[PDB]
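Notes follow once the structure below has been shown.
Ideal geometry is used to build each Cβ from the backbone, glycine not excepted, and the neighbour counts take in all protein chains shown. Where a number appears in this text, it was derived from the coordinates with a stated rule and is not lab data.
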Amino acid sequence: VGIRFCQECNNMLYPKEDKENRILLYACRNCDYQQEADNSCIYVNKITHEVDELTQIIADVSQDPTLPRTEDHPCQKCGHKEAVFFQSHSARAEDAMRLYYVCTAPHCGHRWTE
Amino acid sequence: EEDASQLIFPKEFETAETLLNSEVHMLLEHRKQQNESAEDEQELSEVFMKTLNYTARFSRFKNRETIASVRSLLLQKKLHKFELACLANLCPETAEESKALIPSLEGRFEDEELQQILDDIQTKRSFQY
Amino acid sequence: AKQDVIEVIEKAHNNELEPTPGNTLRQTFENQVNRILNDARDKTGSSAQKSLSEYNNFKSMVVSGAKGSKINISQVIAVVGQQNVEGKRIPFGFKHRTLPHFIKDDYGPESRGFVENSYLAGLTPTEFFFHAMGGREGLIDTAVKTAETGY
Amino acid sequence: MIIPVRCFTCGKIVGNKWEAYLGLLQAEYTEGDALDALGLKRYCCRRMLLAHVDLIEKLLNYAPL
Amino acid sequence: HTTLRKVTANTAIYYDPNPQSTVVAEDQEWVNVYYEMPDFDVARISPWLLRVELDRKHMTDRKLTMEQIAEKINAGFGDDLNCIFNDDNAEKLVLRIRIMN
Amino acid sequence: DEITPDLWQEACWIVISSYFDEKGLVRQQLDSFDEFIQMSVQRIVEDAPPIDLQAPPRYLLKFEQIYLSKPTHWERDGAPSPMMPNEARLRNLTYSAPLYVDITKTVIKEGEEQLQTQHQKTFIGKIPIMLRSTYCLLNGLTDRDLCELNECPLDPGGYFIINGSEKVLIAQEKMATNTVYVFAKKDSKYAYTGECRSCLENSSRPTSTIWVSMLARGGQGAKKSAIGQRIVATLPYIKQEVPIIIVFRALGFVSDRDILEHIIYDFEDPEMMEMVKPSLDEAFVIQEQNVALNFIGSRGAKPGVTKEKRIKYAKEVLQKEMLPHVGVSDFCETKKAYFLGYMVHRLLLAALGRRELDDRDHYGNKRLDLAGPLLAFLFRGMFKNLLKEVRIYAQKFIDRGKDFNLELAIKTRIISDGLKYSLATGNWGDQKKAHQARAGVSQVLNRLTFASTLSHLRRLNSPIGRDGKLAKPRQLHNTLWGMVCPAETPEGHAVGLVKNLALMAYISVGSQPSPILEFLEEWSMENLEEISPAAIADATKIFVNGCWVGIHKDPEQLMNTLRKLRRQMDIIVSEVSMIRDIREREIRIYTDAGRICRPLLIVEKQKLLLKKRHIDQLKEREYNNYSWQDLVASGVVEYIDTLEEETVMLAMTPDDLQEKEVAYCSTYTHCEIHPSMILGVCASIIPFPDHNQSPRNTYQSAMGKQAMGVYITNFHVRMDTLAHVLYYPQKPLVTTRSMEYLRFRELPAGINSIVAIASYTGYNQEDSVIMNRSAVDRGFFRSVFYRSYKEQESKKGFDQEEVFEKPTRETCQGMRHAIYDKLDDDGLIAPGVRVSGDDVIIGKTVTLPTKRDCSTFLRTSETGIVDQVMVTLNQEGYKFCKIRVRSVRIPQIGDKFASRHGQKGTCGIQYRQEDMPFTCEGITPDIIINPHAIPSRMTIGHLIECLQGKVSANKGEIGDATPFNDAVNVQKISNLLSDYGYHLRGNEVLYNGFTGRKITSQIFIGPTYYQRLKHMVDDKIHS
Ligand SMILES: [Zn+2]
Ligand SMILES: [Zn+2]
Ligand SMILES: [Zn+2]
């Protein structure tokens, strides 16, 4: 799923398979340098793409004045009552309706979902 | 007894193929070039000069490549030859304008597909500035 | 109705709401909220019709059926109703908020254009703009309707 | 441009009252109090004085021919 | 009309050097028994894979079955590729597709 | 201390009063022209390319500086006499000022001796001057001086007088430049569009747009399906779509990793990485930069014959044609690539759905072009042609070896006639150029009513062409709140395309971004060229007019400092707006013109910065050297644009933010002064518009303009083709607070009427009304009509010429049967002569090769008396005269009368005072309307206005018509009425005039304001 660059020309390392050693190794085309891949995975594709939005939410949204703030749900690792919450901004998840909470502390930046 | 809106006109013109205003300028230029230098003849008639200005002023295309591309693009469709030059010469801004100006198009062209054709002409026609 | 809408919003916020098999969660929520607001206008409007006395001039016009309609009286006395745009509620022109005053990702009655004030009482500043948006659609539709129908 | 001679509704004279109306306003009298002094019991005539504009004042600024 | 997109959850292309490797740990339990029968294994098999997951919720609505999906893939595309299906009772449905021998 | 809620209502209106006193209603018109005439005109001349002439003798001509003088009139004598704006209208000549440019020429004849000569104030041409502008003759003049010049002090100006016609440059909305927008179109062969039109500052080169599109997955192929979705970018001068990856290679980033660094900022995220993989496959074969340059040049518009030429053409296209705004030199490859990568990055977010698609109708994405920006583009058309004329004229001179005089080289006609042409015809741009001019601009100012004149000046136009067609300009968007009046819109096919600016809203005049750019450098801001790509993942992006200034480590501290500078009127001007896209870690700063914004009270810690002391100074705004500008200086109020309004919280009134049982929002950043300011000029004059239906408010906007009344004060001196003036324009009994700023109170366009809503004799249907004949005889709605007849005697032909004299039957051969005794010995009818039917009012004859009569008769058969006669000399010097025919129109059964809201109603029948239904006190209603209109095609505000009018007249106080004032209520008005011996609901017992028996139903009667519409039966029938 990831992308790796060779050390010679810093170019794409397309997946290549050798018939002698029977091992998949990421080999560059223009440069003869080739490196083995330990993941043994070329790529993945989530058709439903149900990726958690917590990683996508940025911690710097605490200072946003427009975003609503509710004290009902406190931060897990802080205890601060104030917590800013909002709905998913991703168009893919627009069909679903959910709330994501972020700690209002200046430096915590913790994101969690109930 | 003839009407352009109803696609009725003398049968002789059916065999003729329409030409664009910009394209005609090229043909006039070819005629102008040979007369000016190739042969020593009388100066070109005032009619030739008058239409040359009209074609140049209303020329919607710069070079032959742009003219050929539009001609080829419109040839793929079932556009009638009379509409071929008339649409390109008019350069309607939108599909609605073309149908009102050209009643024939609205008979066999939908409001969506024709719009995808006029906008293509817009990308081909260029401005001096 | 306003409290009921909040309850529906809370259910969807907590994921308690279950979408119908024939619709998705986002569309299902819009349907449930619309019925609550639509039902309130009809129920309140119907009560307004019974409110008018025989001597009342508003009742005389509608009773005879000459001019006006029961809906017009409802918007004058009881409530104007929801201001739908393009067949739906007011869209989020800004980022997830209909107007700057409303908080982000607000799906409440006032935020989405529900007009709870009758013409006689007077609309709030937010409602006036939402009312204009609904009226603008009608004028545009009316302008094109005559052109197409005449053709 | 100028105050009408008489009320358009009934016909009571209101032009002559305009001169006294302005004089009463600068005399610390209330807008409605001045109307009572002039003797405008009907609201139709009070309209002709309460909410009247004397545009001729600005026109007179321009010099004549 | 339903497509594989509406019934599939996720897909990936994994690498397995030998047929018995099955680098994926979770599916190793069920692929082994199915692969014991030398079906299409008469010769060398490419070390590539096209494992694709199927959404459980979508299958219930359409009342689809693993054999039905596999049959269409083989019949629709022909003998260009071979597909392997897992047990329906499993919580997660695994569909492994490899090019034909 | 603080503003108590019981006092906020008066305090809120005081600050608004200062805003209009300082800024005004046409500040947006004047400001843009002032910027255009002060800097843009200089920039065009300064930024002109050097003029080079060759055929040994080298001539280099450069323009040093531009000098502009105040308007003057040049007669046959040539003296620079001052030209008053009023004189221009009377003489039917353009109101304009001379333009002078300094030209310095350096000539070298290969003799190793360089000498130059100085040309001081070369008569390049002239520039039309907007009225009341900095260069106008009526700037900073007291009201007393304006009257001496026969100009209305209340007239706001802001228009151009061309050939005696007042023209207003209608603002044309355009898509914002130097901004990245991602739109989804289902008709295109590609799924997504990376449209981003990029232009330099004000305008150095024509706007260039590049669409970084992404091919859709619908197509299927042997290799296309494998890679799937790939990004293709079309260059402005490349016909075919070239992969975006190859573009970066042409820039110089040969390494593939560098390509991913600029596009993908977060390498940890794998979702975006997979999307860019297919794009690399197409560009993989092109590894060397030279090959990439060769690849792009292959499909160029004019490919070079030799291989090396293809690289050069591609190098110039990418360096200059592509992304001009980010960089125009040859050492901006790094900067250009970063912007290009951002466009791809923006596309990736939209494609994955993590970023919402840009809204087409969002006004933040649209810029407004005023007279300044519009004329700036036009000025380049003539100036560019001016150089060609000089070059062509000198070309024949240079090859002959003799020096060419500059006096002949510079063409005055192109500069003068070029601007005068479009401003008069309305077809924008030069006519010779073979294109389609943008019509509808510079329309004739509507002087029928003062309110109409104000609305026209603030009028806006929706975009035309692809931009307008794709979007829905007619539909009302949320961004119009406080910026464009929602109710006001013309009715018809062009509904919603034409709008009006909001009262408080104004369009940014424009400023240089240099002070802002220098500010960032001294702070923690770091430019892209210094940092590595890895530092952009966590930092926030900074944009200045769409330029990639560089990321910033801490966004919170910088914005707080930036906000403080804006409030303090520091190097950052209050006009400048800063936008903080928190969800995207993007900080956008815009300084270009065309940005619509409105003032907003600043709220800090749930507390207004506007204190009692600020209001106290405002209350004494006069003679205290205090104005609105001081408020912005103190930081109490700033300006928010559409983009900044995106991330700015607002509060309707202080009562909403002061405290609530349940805190809707505990963090309020700004508070609106008063919501009623959203209404436009025509909508502001409507009481209780909220009580009124939306179509009715829109309908009034059209009717209000058509209403007849005193448009200005200096109507007698001027001459207009159509001008309706009311006998008794009376200020309404019910007036809105915003009405004071519009000055509609001073110059109203209607007369109040005691309207009893009843069905009398059945002579009024839904569209009709019954008047009082006796009232009209007293001057109820009578108005005057002015039609100006204009003619000139010009010597067009040497043999045949026009003259002014009496067309005697003997000397004249061809003539039309008419009475000619009206004409005097000079051929002009003197003022004070009654004219009726077909009559000659001006004598003109042509001496054909015996003379033929060609005089002008009355347009219609109306009976009128000539008011004044004017004799002048036109611009050509020939004798020219104007005469204004005055006629009196008495309201009759055919005239159309319209209330302040609802559909216009024709006067079904006129009844004498005796026949009208009198009440107990003997008050026959002046007008009777059909009750059946109220339900649907009318509003309850008519009944409320009637109730307010009755209370206002009875209590002798002008009622308040604030749309959103909680103090005014129907119940409160009813209680006040009951104190004066009247029904609380306003119903009264009306005795039928014909039969004295009491009517069973008690009629509702009140003094409702009414206006007379221009539509009159006499005009139609007399035609
Ligand atoms: Zn390599
Ligand atoms: Zn925390
Ligand atoms: Zn009276």
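Quick rundown of the values:
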| read-out | value |
| --- | --- |
| FRET E, pair F:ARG997, F:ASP966, Förster distance 60 Å, beta-carbon r, rounded to 0.05 | 0.85 |
| Helical contribution to [θ] at 222 nm, DSSP H n ≥ 4, -39,500 (n - 2.57), averaged over chain F, rounded to 500 | -8000 deg cm²/dmol |
| Extreme residue, positive dipole direction of the protein assembly as shown, given options F:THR142, F:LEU470, A:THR113 (C-beta unit charges) | F:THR142 |
| Computed over chain F, the ratio Rg/Rh where both radii use C-alpha atoms and Rh is Kirkwood | 1.02 |
| Cα-centred dipole magnitude for the protein assembly as shown, charges only on beta-carbon of K, R (+1) and D, E (-1), debye, nearest 20 | 4400 debye |
| Helix-only [θ]222 nm of chain B, DSSP H runs n ≥ 4, -39500 (n - 2.57) each, per residue, nearest 500 | -16500 deg cm²/dmol |
| Viscosity 1.002 mPa s, 20 °C: Kirkwood-radius Stokes-Einstein D of region F:282-357 over Cα pairs, µm²/s | 152 µm²/s |
| Calculated P(r) tail over 16 Å for region A:46-114, as whole % of Cα pairs | 45 percent |
| Mean-position separation - Cα centroids, region F:868-925 and region C:58-102, in angstrom | 38 Å |
| Cleavage-rule hits (GluC sites (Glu not before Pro)) in region F:638-747: DSSP loop, at most 15 neighbouring Cβ within 10 angstrom | F:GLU659, F:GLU661 |
| Neighbour-limited loop hits for GluC sites (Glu not before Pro), chain D (at most 12 other Cβ within 10 Å; DSSP other than H, G, I, E, B) | D:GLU28 |
| Spatial separation of Cα centroids for region C:115-151 and region F:441-482, in angstrom | 19 Å |
| Cα-based convex hull volume of region A:1-45 per residue, rounded to whole Å³ | 79 Å³ |
| Where N is the number of residues in the protein assembly as shown, Cα Rg divided by 2.2 N^0.38 Å | 1.05 |
| For region F:576-625: rounded, prolate or oblate by the Cα gyration tensor [a/c cutoff 1.5] | oblate |
| Label-point separation, F:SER794 to D:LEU25 (7 Å along Cα→Cβ), nm | 5.0 nm |
| Under-5 Å amide H pairs with F:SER96, H placed in peptide plane, nonlocal only | F:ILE129 |
| For chain D, size of Cβ-based charge dipole, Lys and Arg +1, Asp and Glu -1, in debye | 420 debye |
| Separation in nanometres of the label points that stand 7 Å from Cα toward Cβ, at E:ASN18 and B:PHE127 | 7.1 nm |
| Nearest 10 degrees, 0 to 90: helix E:66-77 Cα axis against chain E principal axis | 70 degrees |
| Counted charge near F:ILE973, where neighbours are those whose Cβ lies closer than 13 Å (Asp, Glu -1; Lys, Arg +1) | 0 |
| Charge sum, other residues only, whose C-beta stays under 10 Å from F:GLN800's C-beta, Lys/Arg counted +1 and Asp/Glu -1 | +1 |
| Cβ-based charge dipole, chain F, positive-most Cα from F:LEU565, F:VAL484, F:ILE392 | F:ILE392 |
| Region C:12-80: relative contact order as a whole-number percent, Cα under 8 Å and 6+ apart | 30 percent |
| Separation of alpha-carbon centers, region F:248-320 and region F:652-680, rounded to whole Å | 52 Å |
| Low-density loop positions, trypsin sites (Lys or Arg not before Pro), region D:32-65 - DSSP coil, at most 14 other Cβ in 10 Å | D:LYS41 |
| Region C:32-151: projected area of the alpha-carbon convex hull, averaged over directions, in nm² | 9.2 nm² |
| Degrees between helix C:2-13 axis and first principal axis of chain C (Cα, 0 to 90, nearest 10) | 20 degrees |
| Stokes-Einstein D for chain E, Kirkwood Rh over Cα pairs, 25 °C, 0.890 mPa s (µm²/s) | 172 µm²/s |
| Residues F:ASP538 and F:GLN512, FRET efficiency given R0 of 30 Å [Cβ-Cβ distance, rounded to 0.05] | 0.45 |
| Ranked list, fewest to most other Cβ atoms within 10 Å of each Cβ, for A:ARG22, B:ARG60 | A:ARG22, B:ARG60 |
| In degrees, nearest ten, helix B:46-57 long axis to first principal axis of chain B (Cα) | 50 degrees |
| Difference of contour (0.36 nm per residue) and Cα-Cα distance, F:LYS564 to F:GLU586 | 6.0 nm |
| Estimated FRET transfer efficiency when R0 is 35 angstrom, pair A:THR70-A:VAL44 (beta carbons, to 0.05) | 0.45 |
| Relative contact order [Cα under 8 Å, 6+ residues apart], region F:357-416, whole percent | 36 percent |
| Taking chain B and dividing mean pair separation by its residue count, relative contact order in percent (alpha carbons under 8 Å, at least six apart) | 29 percent |
| Using alpha carbons only: equivalent-ellipsoid semi-axes of chain B, gyration tensor based, whole Å | 30, 19, 12 |
| Dipole magnitude (debye, nearest 20) for chain F, charges at Cβ of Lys, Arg, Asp, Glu | 3360 debye |
| Residue among F:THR179, F:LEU726, F:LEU30 farthest towards the positive dipole end of the protein assembly as shown, charges placed on Cβ | F:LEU726 |
| Inter-label distance, nm, simple model (7 Å from Cα along the C-beta direction), F:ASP554/B:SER45 | 8.5 nm |
| Dimensionless Rg ratio for chain D, taking C-alpha atoms and the 2.2 N^0.38 Å reference | 1.20 |
